[PDB]
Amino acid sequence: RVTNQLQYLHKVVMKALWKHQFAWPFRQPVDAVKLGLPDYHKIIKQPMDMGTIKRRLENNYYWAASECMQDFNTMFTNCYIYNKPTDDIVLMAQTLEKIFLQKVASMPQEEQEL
């Protein structure tokens, strides 16, 4: 499916998040071997990242805007659940999610499939 809403999520929301200076740790899946986190996949059952979301948007994977929004949500939530309250990554996530919500507050309201 291809809608006004999904185009907004791609051209406005993803565009803003992807180039952000705090975005780099979220542009690809968490690599638990590289980062030395043997329990990552024990704790986080549904990994998600902006590279995956971007690919899905580019390939018309999503059928509704809410679906894409849930993937953004999962990505941020995984981060808050896995990491320590004091970890810098949490601050970076909060910053990006603030922008996510600000942009989503202005997304087109009715899913005009095109």
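Numbering starts at 1 and runs along the sequence shown.
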Revision key, fill the gap. Avg C-alpha B-factor, entry values, 5 to 13 vs 92 to 100, higher side is 5 to 13
Check your understanding: Looking at the entry, does 23 to 31 or 59 to 67 show the higher mean C-alpha B-factor?
Key -> 59 to 67
Review point. Considering only modelled residues of the same chain, in which third does the CA B-factor of residue 49 rank: lowest, middle or highest?
Key: lowest
Review point. When the modelled residues of the chain are sorted by Cα temperature factor, does residue 74 land in the lowest, middle or highest third?
Key: lowest
